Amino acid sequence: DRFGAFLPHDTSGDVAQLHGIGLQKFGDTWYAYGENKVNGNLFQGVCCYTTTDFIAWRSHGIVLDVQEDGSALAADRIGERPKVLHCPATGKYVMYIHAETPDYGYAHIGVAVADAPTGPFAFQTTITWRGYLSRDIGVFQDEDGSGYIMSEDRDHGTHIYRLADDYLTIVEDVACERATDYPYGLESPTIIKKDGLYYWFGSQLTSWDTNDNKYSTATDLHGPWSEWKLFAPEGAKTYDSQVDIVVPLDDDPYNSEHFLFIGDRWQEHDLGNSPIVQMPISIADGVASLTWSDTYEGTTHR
């Protein structure tokens, strides 16, 4: 395995744009969808990579292009935290993105659709629930085939939204949670399930600074959600990263004994070269725990 803090590269010799990624396993292969940030913070497309080992990353190029001027994904806009789900009812691959403007007032979800996980994805809609703000997003697909998008909403908390059966829009505000003793939900959400218990991870709102990220558990996605608790050591600032995704690695994604944590080390003035922190995360009996090891590469703080 490859664990620690590092700047990944693909098998073509380019920096792998594994920033704000979504990850999905289709067949025997992992698909990552990341923000292309080679030239800074504006939308430059969604990059796709595949792996079977989280060591070598094969590029599949830009799978959601920059769109034309006047659209919500034009070169002057912002598109972050892309996520993909495979829709059981339709067989399509649906991509979700935080569609944003430089003034940061837009706060929408963008929806694009493809016939294959490597695209090309065709940009369709921007949506909100009830007009509410949506910024950081994540996705979760349950054992019954239901799909969900998690969505940080600065005025209310972080939502779990249930998707329509065709995965193209939202039909239910399942939950909207603020962190314990906190006026907001946590951002950069990710959810996994193990032995009937859901684990929901997120980051505090501390701008560019890293913070001690936290998790909550529940036996129903509607809740009740437990107290939010740290999963890395206090003061470690999540090993100087911002949680992006946790994935189960075993054959049964809902009863796995091994999990992978990926967090972003955002570099404000060199975004395309932001490293990742890639580590095993221990998850059992309502407890999630992230621990550094001397053998890992890079440093616990950048």
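Each residue number is its position in the shown sequence, starting from 1.
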Tell me which stretch has the larger mean Cα B-factor in this entry, 278 to 286 or 15 to 23.
278 to 286
On mean Cα temperature factor in this entry, is 183 to 191 or 103 to 111 the higher one?
183 to 191
Residue of maximum C-alpha B factor among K37, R58, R265, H258, per deposited coordinates:
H258
I'd like to know which of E152, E172, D165, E143 has the highest C-alpha temperature factor in the PDB entry.
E143
Please say which third, lowest, middle or highest, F201 falls into when its CA temperature factor is compared across its chain.
middle
Test of reading the entry: by CA B factor among the chain's modelled residues, which third contains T52?
highest
Lowest, middle or highest third - CA B-factor, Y96:
lowest
Rank-wise, by C-alpha B-factor, drop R178 into the lowest, middle or highest third of its chain.
highest
Which third of the chain does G131 land in by C-alpha B-factor: lowest, middle or highest?
lowest
